[PDB]
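**Student:** Structure for this input, please:
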Amino acid sequence: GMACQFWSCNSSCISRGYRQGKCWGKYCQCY
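**Tutor:** Numbering: from 1, shown residues only. What follows is the structure:
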């Protein structure tokens, strides 16, 4: 599955300016 929603975390982080957004058991950290 996924711990944080792809269609939210990618579309958030790339709008803010990052290459990707991923889950870590804590929060959608952009990088």
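
**Student:** Name the residues that touch stretch 7-14?
**Tutor:** 20-23, 28, 30-31 (Cβ atoms under 8 Å, 6 or more residues apart in numbering). No exception for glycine: its C-beta is placed from N, CA and C like everyone else's.

**Student:** Using neighbour counts, pick out the buried residues of that stretch.
**Tutor:** Taking 16 or more other Cβ atoms under 10 Å as the neighbour-count basis, stretch 7-14 is seen to contain the buried residues 9-10, 13.

**Student:** And for stretch 12-26?
**Tutor:** By neighbour count, with 16+ other Cβ under 10 Å as the criterion, the buried positions of stretch 12-26 are 13, 21-22.

**Student:** Out of the contacts of stretch 7-14, which sit inside helices?
**Tutor:** Filtering these for membership in helices, criterion DSSP state H, returns an empty set.

**Student:** of the residues you listed, closest to residue 1?
**Tutor:** The shortest separation between residue 1 and any of these is 10.3 Å, and it belongs to residue 23 (by Cβ to Cβ).

**Student:** circling back to that earlier point, nearest to residue 3, of the buried residues of stretch 12-26?
**Tutor:** Nearest member of the buried residues of stretch 12-26 to residue 3, counting by Cβ to Cβ, is residue 22, at 9.4 Å.

**Student:** What segments of the protein are strands?
**Tutor:** When assigned using DSSP state E, the strands of the chain occupy the ranges 21-22, 29-30.

**Student:** mind putting those in JSON lines, distance to residue 3 included?
**Tutor:** Listed next are the strands of the chain as JSON lines, based on distance: least, Cβ to Cβ, whole Å:
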{"stretch": "strand 21-22", "distance to residue 3": "9"}
{"stretch": "strand 29-30", "distance to residue 3": "12"}
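
**Student:** For residue 2, which of the ones you listed is the nearest?
**Tutor:** With distances scored as Cβ to Cβ, the stretch of the strands of the chain nearest to residue 2 is strand 21-22 (9.6 Å).
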